[PDB]
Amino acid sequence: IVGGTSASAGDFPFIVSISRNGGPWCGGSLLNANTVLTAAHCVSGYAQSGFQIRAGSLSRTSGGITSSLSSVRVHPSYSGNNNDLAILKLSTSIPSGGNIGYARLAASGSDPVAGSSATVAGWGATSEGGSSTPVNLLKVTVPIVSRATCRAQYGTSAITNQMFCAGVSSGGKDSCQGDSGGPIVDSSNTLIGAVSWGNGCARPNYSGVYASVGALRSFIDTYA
């Protein structure tokens, strides 16, 4: 996260860190005791056993409850950056309570409205190409950018009906590498997306692009 502040305990009861090979990698969202939602690109085709989920902590490396993976399922229409969601099943069930809870999802068919506030969180870099990453979870609030404006930035084909965008024209506030798969929420803390892709991080006039939960509820609902 670029331009962020430290998340407080319980800000995102459902957020998980996804370590890979013992190191930082991605974020995700705990949907129920045995299921995490993340970005497909975080997991597709990689060795499953390299991943470890942690819930209930502001750190990636201690606190809360861990699990390995039992299975990975990417969206059936995943292609390039499009439809960038995956369902992970956990080898260890994670109970709600305390600072752990399960995500509530954006309604099917919903689409975040330009100008509304959104908050994104993760353990990723604090600058584009940064090598260091924070111990504790960061968050940042950015407005939704209309799909039309986002298509002006990236091209028409590049931004689909299963993506939405968020950021500020001046840049300086965004998700970045290592934040992929983690949550973006609306102002009510309802999960509206997963961190997906963008041109660099926090660049002027290049929004962050998010996989849209509202557009992808059939997949999520079927397999969660």
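Start at 1 and count along the sequence shown; that's the residue number.
Once the C-alpha B-factors are averaged per stretch, 168 to 176 and 35 to 43 rank with 168 to 176 first.
A summary of the deposited B-factors shows that, of 124 to 132 and 80 to 88, the stretch with the larger mean C-alpha value is 124 to 132. You'll see in the entry that, of 190, 59, 160, 49, the Cα B factor peaks at 49. Among the modelled residues of the chain, residue 206 sits in the highest third by CA temperature factor in this PDB entry. For residue 106, the recorded CA temperature factor ranks within the middle third of the chain's modelled residues. Ranked by C-alpha B-factor against the other modelled residues of its chain, residue 26 falls in the lowest third. Among the modelled residues of the chain, residue 198 sits in the middle third by CA temperature factor in this PDB entry. Residue-level temperature factors show residue 69 in the highest third of its chain, judged at the C-alpha atom.
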